[PDB]
């Protein structure tokens, strides 16, 4: 009766939260040289209800150029991880997206730059003491810089909403977290080249290289699951729902013409990110007339100029996302059609360079079956 089942799921959820034992433990650590390999498979533990994975990444970058330096790109350390893919025990894929998109969602969900240290007038020495997410603004010719990055790969939606979580007990569990890290070919961009996927860009890029990269994965899950008269108490709707992040690329933009990216049906899109990679140039709204979301049945529900669009985002993350990165929150009322494309994301560009494209990022809920 729907109402019945949901009432049941929410109760089981609260019981699990009340009774279960929350755990966060290291699953794997490794150090390597991107020259030899940059793709890895992490095999998590199959215990209780898995909520997500915290991925710590550290790296040492050396600028072996004789005289030219390099400087952080807009995404910087967020590109330490190129991509991520998660397969659950039943071999069903959840998240499959880029590291930068995953990072922007982590920020969006936190309500501020993910794991950042806010600046205040406090005389007591709070501040960037621990360099949790950190990277030198520039790496001079001959210097070696150290970076630290953190990503949260979510299964469950949040700490108190287990929608998307994974019950890990399935024997012959095909559960695996795949990570592709940056390498000497993706991390550094030459002057004039596209900085989208790079970590550093500058005149000394050609001679920049990784001294090494290291990662540590922590798995977060709930143990000591509650058991009722009928057995283990579990929110069946939560555990049978997928909460994923995915990315896609779109091209074919033309000045002053509405570029529309349709949302697929069945998916409940919680948020949308659109990056205007204007042929390797990323501008602060100046190459756009407006953005919007619209149902080709009731016009636009939010056709806004770039700054006003940015204003809404400032209400969500207390600052702006990097240049050319646009965010759209639909958490309270997810974009959910039924007919592929009853709703679309719109960008009417003011100027379009050669090789322009929109790099899309989505956050959504969907049923396993």
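Positions refer to the first chain, counted from 1.
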Exercise for review: Look at the other compared PDB entries that model both sides of residue 216, then say whether a third or more of them leave it out.
Suggested key: no
Check your understanding: Within the set of other compared PDB entries, does residue 107 lack a model in a third or more?
Key -> no
Practice item. Decide which of the stretches 144 to 152 and 245 to 253 has the higher mean C-alpha B-factor, going by the entry. Key: 245 to 253
Check your understanding: Once you work out the mean C-alpha B-factor for both 50 to 58 and 65 to 73 from the entry, which is higher?
Key -> 65 to 73
Check your understanding: With respect to the C-alpha temperature factors reported in the PDB entry, which of 194, 265, 163, 131 ranks highest?
Key -> 265
Exercise for review: In terms of CA temperature factor as recorded, identify the highest of 123, 127, 228, 113.
Suggested key: 228
Check your understanding: Going by what the PDB entry lists, where does residue 96 fall on CA B-factor within its chain: lowest, middle or highest third?
Key -> lowest
Review point. Should residue 175 be placed in the lowest, middle or highest third of its chain by the C-alpha B factor in the entry?
Key: highest
Revision key, fill the gap. Of the three thirds of the chain ranked by Cα temperature factor, residue 157 occupies the middle
Check your understanding: Can you tell me which third, lowest, middle or highest, the CA B-factor of residue 34 falls into for its chain?
Key -> middle
Practice item. Can you work out whether the C-alpha temperature factor of residue 331 puts it in the lowest, middle or highest third of the chain? Key: middle
